[PDB]
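Below is one structure, written out as structure tokens; the observations come after it.
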Amino acid sequence: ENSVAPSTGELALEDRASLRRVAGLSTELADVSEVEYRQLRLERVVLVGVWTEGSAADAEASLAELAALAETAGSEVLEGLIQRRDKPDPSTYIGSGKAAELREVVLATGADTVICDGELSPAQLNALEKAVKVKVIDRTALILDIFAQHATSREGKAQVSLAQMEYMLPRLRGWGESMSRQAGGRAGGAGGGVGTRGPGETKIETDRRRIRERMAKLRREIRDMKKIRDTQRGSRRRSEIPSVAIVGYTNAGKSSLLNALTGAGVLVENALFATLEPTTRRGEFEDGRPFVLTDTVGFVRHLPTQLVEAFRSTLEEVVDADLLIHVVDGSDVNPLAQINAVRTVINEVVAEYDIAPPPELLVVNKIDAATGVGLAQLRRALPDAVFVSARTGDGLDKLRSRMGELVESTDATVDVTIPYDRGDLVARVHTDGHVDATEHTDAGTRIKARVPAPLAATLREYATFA
RNA sequence: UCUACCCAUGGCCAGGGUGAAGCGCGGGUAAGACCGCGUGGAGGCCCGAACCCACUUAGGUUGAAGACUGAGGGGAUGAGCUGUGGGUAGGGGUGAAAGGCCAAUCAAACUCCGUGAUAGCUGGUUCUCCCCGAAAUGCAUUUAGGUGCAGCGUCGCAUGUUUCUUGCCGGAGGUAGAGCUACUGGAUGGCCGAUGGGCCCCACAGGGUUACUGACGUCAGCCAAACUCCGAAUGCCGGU
RNA sequence: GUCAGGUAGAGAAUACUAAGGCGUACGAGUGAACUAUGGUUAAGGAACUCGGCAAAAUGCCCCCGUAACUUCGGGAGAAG
RNA sequence: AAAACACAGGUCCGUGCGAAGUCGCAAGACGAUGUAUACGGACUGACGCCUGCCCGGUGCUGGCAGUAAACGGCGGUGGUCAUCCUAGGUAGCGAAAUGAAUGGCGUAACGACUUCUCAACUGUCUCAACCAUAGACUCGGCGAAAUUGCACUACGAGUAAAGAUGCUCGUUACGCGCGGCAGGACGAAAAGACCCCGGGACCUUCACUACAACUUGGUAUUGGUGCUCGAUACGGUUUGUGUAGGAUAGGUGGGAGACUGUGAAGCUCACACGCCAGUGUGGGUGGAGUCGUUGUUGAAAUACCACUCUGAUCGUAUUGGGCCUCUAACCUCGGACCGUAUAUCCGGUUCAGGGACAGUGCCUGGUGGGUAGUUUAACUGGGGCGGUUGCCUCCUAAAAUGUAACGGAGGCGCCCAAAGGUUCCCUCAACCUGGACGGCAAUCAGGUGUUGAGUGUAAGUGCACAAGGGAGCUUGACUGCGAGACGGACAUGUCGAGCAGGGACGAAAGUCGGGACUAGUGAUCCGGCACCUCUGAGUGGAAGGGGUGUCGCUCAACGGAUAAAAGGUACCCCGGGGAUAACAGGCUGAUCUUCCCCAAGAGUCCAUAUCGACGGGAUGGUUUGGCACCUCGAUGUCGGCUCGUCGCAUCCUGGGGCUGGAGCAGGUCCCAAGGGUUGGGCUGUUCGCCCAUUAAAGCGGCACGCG
Ligand SMILES: Nc1nc2c(ncn2[C@@H]2O[C@H](COP(=O)(O)OP(=O)(O)CP(=O)(O)O)[C@@H](O)[C@H]2O)c(=O)[nH]1
């Protein structure tokens with residue numbers, strides 16, 4: 001450019017941001033012992049994203065999410081290139097100044113792997129590939145691959161496959177044929193719910209006709225596994241046991257809490273989304289009533305829009321709850337970015353299924369290893385919260401106390417006396433009603449029990465006034 | 001003589017509306033523009049018969065008809081329709097251009113001639129009995145549904161068991177099988193245990209001795225079209 | 001190509017008729033279904049359907065009254 | 001019948017006048033009885049809007065001045081080519097009714113155009129009924145046609161060239177008619193238009209080869225004058241370095257005479273040469289002999305020549321090219337007369353213009369789809385796209401040879417003057433030991449080391465006896481041959497003992513006609529080059545031919561159609577094919593569909609109320625497929641309508657078990673096919689979405705039933 005729209009000194013329209021090959025942390029790197037063959041850790045993925053929003057500090061966690069995605073998905077990151085583009089690029093994504101830079105960046109990797117962050121229309125992916133000719137899958141395809149490798153239940157192996165088909169259907173030509181040509185089991189290779197390839201050799205399939213047919217069958221099957229789930233939850237619904245759910249960002253001790261308060265024993269792997277199918281377990285409020293506890297799947301910033309069906313059961317558990325719990329990973333940078341996304345998910349849930357929002361119990365987790373990011377009322381960034389340490393079980397008592405006190409009691413506290421002949425009633429109050437205490441009176445007892453509705457009218461006749 | 005276009009010379013277009021220029025009276029206006037009122041009758045104007053077309057629908061669809069009928073439809077003073085007489089002719093004509101039309105036919109008319117065109121393609125090829133009796137393979141092919149040569153039939157002449165079967169004898173294999181501690185590779189479980197780690201007491205030595213891992217071997221149990229230390233049965237080549 | 005009666009009518013349209021010319025060359029029956037061409041229809045009124053295709057509707061004369069827009073001519077027989 | 005063509009309007013290009021353009025071989029014609037405000041061709045298509053930074057000079061019309069992105073540049077930058085003022089239909093201006101500001105927006109009126117909505121109306125429909133006429137039907141008369149192997153021509157389930165009136169086993173059926181329906185006779189009709197193969201046709205082009213047309217030149221018509229550059233012929237003293245030197249000498253053969261007193265040698269000077277070798281020309285007091293083979297230089301003498309040529313460029317004869325003209329050939333559709341009463345024809349005479357130009361002939365190059373004749377491969381699990389095509393090596397290949405696939409892996413189109421021949425000698429790879437660099441690791445020593453290294457090059461077969469590693473000498477990487485065989489359609493391809501001649505190496509025996517072996521290549525024709533004793537169109541020669549050796553092809557589609565060749569056809573046509581595709585049928589069941597088996601787990605505890613991973617086994621024949629068996633001398637497609645009929649894998653209704661069945665209501669499984677299973681708006685929908693109901697708004701087969 002000699003005199004074309006005078007912009008000398010930039011060639012990228014931005015004084016500071018322009019072409020931003022920061023390589024600040026260089027994402028992250030690995031170490032020895034990944035040296036058996038070349039496919040145990042091969043996709044030395046380079047990352048790229050657009051700073052199109054506020055502080056690059058709050059966007060650093062955004063690319064940390066992608067780095068963690070790659071780490072849990074297997075293949076280890078090798079480089080990261082975050083562009084300070086003012087606004088998202090309309091047709092391409094890289095910046096058109098890095099359209100050549102990308103190749104000389106990726107000559108430093110180990111195997112062909114470049115990853116974008118935002119969801120890319122096929123318009124992007126038609127030339128973003130031609131930029132380097134190396135397979136590029138965005139963050140949504142990475143989430144779909146993670147779930148594909150983590151799917152284990154029949155329901156999940158259909159929801160994940162449907163989500164992948166619904167994501168790949170728009171971007172069939174070009175990109176779709178690109179991973180059709182590339183059949184080695186890459187990061188985009190996914191696998192569907194099989195995980196151990198199977199349809200992984202077909203990846204996300206290629207044919208639009210075949211995709212459409214399998215999509216119709218999967219729609220029908222997911223329809224069936226909702227009138228299965230309603231049956232399975234009927235027993236809880238009919239008994240109206242007080243339900244408590246645990247939501248929040250992934251890796252925030254969401255399953256460790258449910259293995260901590262109650263001795264459930266669910267998988268607690270360190271990687272990202274692993275408890276991909278909701279599981280619920282019984283529990284007793286320390287003082288009185290019993291309850292049920294449910295741990296959900298896991299939320300992410302800018303959640304993929306093809307995974308709402310895979311999250312549908314999670315949403316159902318969220319709606320059918322009394323005390324919602326968003327667990328925040330205390331020992332992590334910016335412990336609020338997770339919170340805003342989780343909350344936003346909550347609003348879209350309460351909107352899609354119109355219901356009175358339930359109280360949201362707040363717990364900060366991993367404060368045992370935290371360096372006190374606030375170390376004050378600053379650490380009380382949300383002043384209402386309980387600082388539990390699931391790795392050590394510190395706030396369990398305080399949590400177990402306040403969670404019940406914040407669930408509300410639908411009991412009926414009465415004072416009743418029972419002549420000894422009808423010890424059946426004494427036993428029924430002592431095993432169903434959660435009696436506080438009493439003194440063992442001459443003929444009866446001064447029982448002060450938070451008796452329920454079935455026995456409320458039972459004990460009305462044998463009442464007392466003292 | 002149909003149709004396309006052109007030339008010469010003739011004819012036809014019921015009826016009913018609208019109302020251009022111009023002109024006049026004027027006004028209007030400084031005057032002009034213009035505005036009113038009259039006359040006037042223009043227009044590839046309007047509605048609509050004859051006429052010329054052919055938009056829709058139904059019928060016909062071995063028709064009444066090798067392109068029509070019924071009902072509606074478009075133009076109908078015009079780049080109009082039409083009579084009579086002419087002109088342009090085939091790689092040519094004409095074409096408000098459709099590969100349209102040029103005598104019921106047009107991505108090159110018809111007729112006769114070259115001419116009995118040619119067709120690796122299709123069809124057809126007419127009486128009897130007797131004797132023998134296939135092939136659908138190889139090679140080559142502007143070749144793959146054709147053909148050339150070889151193989152297999154038959155007839156004749158020459159030779160005469162040379163053919164074939166069985167027994168015996170002499171042969172070369174690397175198949176079936178099996179084996180791998182005999183090569184090249186895969187691979188299971190131990191034992192031996194280098195080294196690397198092991199890193200602490202604390203030396204930096206030496207020790208403990210590594211969740212360890214692990215050279216090197218070693219034992220056991222396996223695998224292979226393109227592995228063979230091995231290795232048949234049949235078949236094949238000679239002799240008898 | 002020539003002629004173009006009468007009444008109704010603007011009309012060479014249409015209907016009925018004068019002059020004149022014809023009954024046009026297979027007939028006779030018969031309430032079959034069905035097909036064609038006509039006719040009518042309760043109550044709804046395009047629900048039919050690819051699609052108001054087809055049919056139905058409007059239609060004449062005289063008085064009034066006539067929109068957006070406009071190339072100032074028209075629209076316009078507006079509509080009513 | 002239109003959105004296509006045309007159109008008025010516009011823009012560009014060409015044309016100065018029997019014009020350009022077109023028809024004709026030409027003459028001639030139209031253009032036009034016109035004349036740049038006109039005519040021809042090409043694009044666009046009323047009308048409007050969008051839209052130049054402002055005039056110096058590459059230059060232009062020329063008289064300085066236009067001009068606009070006439071050419072830049074939008075740059076300062078007015079401004080709005082106006083003062084000054086810069087060699088991209090362009091981001092000028094970068095201005096969203098909408099990349100077009102020469103291509104996009106608008107646009108009144110108009111349209112048998114396309115797509116929607118409203119009001120009115122209606123048998124279009126709910127959902128039909130009735131009436132008349134013309135057929136149909138009956139009676140009398142006349143009286144066809146396509147079709148046709150047959151015939152006292154059933155149905156089910158099978159079988160069969162895989163869809164049976166004809167076959168098999170059963171079930172049903174008295175003989176002959178009439179009126180109707182349209183499910184079959186793969187009904188009739190048309191030697192399938194789709195698809196493939198072969199032929200053709202017409203079209204296109206930077207396919208090949210030609211031609212027309214245009215055009216560049218040479219020359220003939222075609223001549224004269226001059227200038228004019230010289231391509232021209234014919235002669236010329238002095239000049240001329242080894243020149244031996246009476247001394248810077250062209251010979252030559254005559255050579256002994258010429259120069260002779262107007263002037264010998266010797267000269268002296270101006271000037272050529274200038275290599276002062278010093279010759280000389282010319283000029284000058286100038287003369288009264290130097291001379292010459294004087295043998296002299298191979299050789300004159302500056303004595304001559306007759307030549308030779310050698311001086312060194314002056315005259316000298318014809319001659320090309322250029323320029324200038326001129327008239328006389330030739331040309332004029334410029335005029336005037338005459339034949340000629342008639343005459344824009346034609347010819348003749350004459351004047352006026354051109355004029356050796358043009359036009360035309362023969363020759364010669366260039367452009368040349370304007371036109372023609374033709375080419376444009378085959379294989380192929382249809383064709384196309386993609387790949388391949390010859391040679392070598394493995395596996396397939398079933399222990400001889402051979403053996404296919406669009407089966408599994410690779411290589412080659414060479415390299416080497418030594419990496420060939422011979423003689424002689426040697427042994428590796430790896431391991432251990434210990435030595436400065438030195439390291440697991442360059443070199444050294446010792447020890448193990450029997451083949452695991454190497455072998456130019458792929459792979460295989462081999463080779464430690466070495467074919468592997470060295471050194472010496474050599475060219476057998478020969479000539480004339482080759483008994484006998486291998487492989488073989490043929491053409492090719494191989495091996496070969498041994499003989500003779502001349503060699504190499506080795507003392508000799510003996511080995512040597514390329515390389516451990518198997519790839520490294522191309523027939524024939526045609527034509528080069530060298531040698532030879534062949535032959536030489538009457539003869540002698542030569543030309544040409546012949547023989548021997550050898551050379552020229554990615555003729556790689558590699559047994560090689562021509563030396564030379566790409567496409568389109570939905571405008572297509574013919575000849576064939578179910579040898580081969582699209583629909584349907586048939587086989588398979590990968591895919592699909594419905595279940596089942598084991599039980600990790602989920603389900604508040606809880607494998608099995610409801611679900612069920614990881615794996616396995618099946619049914620069915622509805623999806624997409626795979627195959628290519630029937631049909632290409634025709635088996636008419638999707639959807640909708642009408643009419644159905646059947647299965648159950650049951651949507652509703654009916655009967656049961658379990659339940660995480662308290663009741664109400666559900667979930668799941670079993671039994672159950674009698675009946676029923678709505679009407680609309682959107683969608684090609686094939687699918688589906690939406691609206692209002694319903695007991696419910698089932699899924700499927702029947703050529704995806706039914707033209
Ligand atoms: N140090 C520490 N680590 C914790 C604490 N709580 C949870 N973690 C860690 O978080 C990790 C993620 O395990 P998990 O409990 O599944 O977290 P999660 O949020 O449920 C991840 P998912 O959403 O996929 O189930 C575990 O490895 C666990 O060790 C804590 O209090 N301290």
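As shown in the structure tokens, the chain order sets the letters A, B, ...; within each chain, residues go from 1, and ligands are also counted from 1 in the order they appear.
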
Exercise. So which residues are near ligand 1, meaning at most 7 Å away with only C-alpha atoms (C1' of nucleotides) and all ligand atoms counted, given back as a VMD selection string?
Worked result: chain A and resid 249 to 257 267 to 276 297 to 298 365 to 369 388 to 392

For this session: Could you please tell me, as a PyMOL selection string, which residues of chain D have an atom within 10 Å of chain A when using only C-alpha atoms (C1' of nucleotides)?
Result: chain D and resi 94+591-592+601-605+609-614+623-624+660+666-667

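Neighbours of range 189-203 of chain D closer than or equal to 6 Å, with only C-alpha atoms (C1' of nucleotides) counted and sequence neighbours fewer than 3 positions away skipped, come out as residues 107 of chain B; 580, 581, 632, 633 and 634 of chain D.
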
Output of the above residues as a PDB file, in the first residue's frame, restricted to N, CA, C and O atoms (P, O5', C5', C4', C3', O3' and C1' of nucleotides):
```pdb
ATOM      1  P     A B 107     -34.206 -28.747 -39.169  1.00  0.00           P
ATOM      2  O5'   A B 107     -32.652 -28.409 -39.160  1.00  0.00           O
ATOM      3  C5'   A B 107     -32.002 -27.866 -40.300  1.00  0.00           C
ATOM      4  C4'   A B 107     -30.524 -28.162 -40.280  1.00  0.00           C
ATOM      5  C3'   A B 107     -30.158 -29.623 -40.041  1.00  0.00           C
ATOM      6  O3'   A B 107     -29.007 -29.978 -40.798  1.00  0.00           O
ATOM      7  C1'   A B 107     -29.200 -28.277 -38.359  1.00  0.00           C
TER       8        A B 107
ATOM      9  P     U D 580     -23.150 -56.675 -20.431  1.00  0.00           P
ATOM     10  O5'   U D 580     -23.223 -55.100 -20.255  1.00  0.00           O
ATOM     11  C5'   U D 580     -23.117 -54.494 -18.972  1.00  0.00           C
ATOM     12  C4'   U D 580     -24.000 -53.276 -18.867  1.00  0.00           C
ATOM     13  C3'   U D 580     -25.487 -53.568 -19.000  1.00  0.00           C
ATOM     14  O3'   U D 580     -26.223 -52.604 -18.253  1.00  0.00           O
ATOM     15  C1'   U D 580     -24.821 -52.171 -20.763  1.00  0.00           C
ATOM     16  P     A D 581     -26.902 -53.039 -16.872  1.00  0.00           P
ATOM     17  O5'   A D 581     -27.292 -51.674 -16.166  1.00  0.00           O
ATOM     18  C5'   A D 581     -26.323 -50.928 -15.455  1.00  0.00           C
ATOM     19  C4'   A D 581     -26.522 -49.451 -15.648  1.00  0.00           C
ATOM     20  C3'   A D 581     -27.867 -48.911 -15.227  1.00  0.00           C
ATOM     21  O3'   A D 581     -27.971 -48.715 -13.838  1.00  0.00           O
ATOM     22  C1'   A D 581     -27.295 -48.027 -17.332  1.00  0.00           C
ATOM     23  P     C D 632     -36.218 -56.280 -25.330  1.00  0.00           P
ATOM     24  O5'   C D 632     -35.760 -54.760 -25.223  1.00  0.00           O
ATOM     25  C5'   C D 632     -36.641 -53.718 -25.601  1.00  0.00           C
ATOM     26  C4'   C D 632     -35.923 -52.423 -25.875  1.00  0.00           C
ATOM     27  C3'   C D 632     -34.951 -52.396 -27.041  1.00  0.00           C
ATOM     28  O3'   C D 632     -35.626 -52.135 -28.250  1.00  0.00           O
ATOM     29  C1'   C D 632     -34.122 -51.162 -25.164  1.00  0.00           C
ATOM     30  P     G D 633     -35.317 -52.982 -29.562  1.00  0.00           P
ATOM     31  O5'   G D 633     -36.754 -53.430 -30.050  1.00  0.00           O
ATOM     32  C5'   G D 633     -37.758 -52.476 -30.343  1.00  0.00           C
ATOM     33  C4'   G D 633     -38.731 -53.043 -31.339  1.00  0.00           C
ATOM     34  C3'   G D 633     -39.557 -54.221 -30.852  1.00  0.00           C
ATOM     35  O3'   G D 633     -40.773 -53.779 -30.273  1.00  0.00           O
ATOM     36  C1'   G D 633     -38.617 -54.664 -33.003  1.00  0.00           C
ATOM     37  P     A D 634     -41.301 -54.340 -28.870  1.00  0.00           P
ATOM     38  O5'   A D 634     -40.323 -53.701 -27.806  1.00  0.00           O
ATOM     39  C5'   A D 634     -40.194 -52.295 -27.722  1.00  0.00           C
ATOM     40  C4'   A D 634     -40.329 -51.818 -26.309  1.00  0.00           C
ATOM     41  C3'   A D 634     -41.750 -51.818 -25.760  1.00  0.00           C
ATOM     42  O3'   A D 634     -41.721 -52.057 -24.355  1.00  0.00           O
ATOM     43  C1'   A D 634     -40.913 -49.613 -25.792  1.00  0.00           C
TER      44        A D 634
END
```

Problem set entry | Expected answer as a ChimeraX atom specification: strand (DSSP E) residues in range 13-186 of chain A | /A:46-50,79-83,114-115,136-137

Problem set entry | Surrounding residues of residue 519 in chain D excluding itself and chain neighbours under 4 positions, 7 Å, only C-alpha atoms (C1' of nucleotides), as a count of residues only | 3

Exercise. What lies within 12 Å of residue 38 in chain C using only C-alpha atoms (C1' of nucleotides), ignoring chain neighbours under 6 positions off, as a VMD selection string?
Worked result: (chain B and resid 70) or (chain D and resid 131 to 134)

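We find CA of residue 219 in chain A and CA of residue 354 in chain A to be spaced 24.1 Å apart.
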
For this session: Do a neighbour search on residue 8 in chain B at 12 Å with only C-alpha atoms (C1' of nucleotides), toss out local chain neighbours closer than 5 positions, and write the hits as number ranges by chain.
Result: B: 84-87

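Here CA of residue 176 in chain A is placed at a distance of 16.0 Å from CA of residue 139 in chain A.
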
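Using only C-alpha atoms (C1' of nucleotides), the protein and nucleic acid residues lying no more than 8 Å from range 22-30 of chain C, apart from those fewer than 6 places from it along its own chain, are residues 138, 139 and 141 of chain D.
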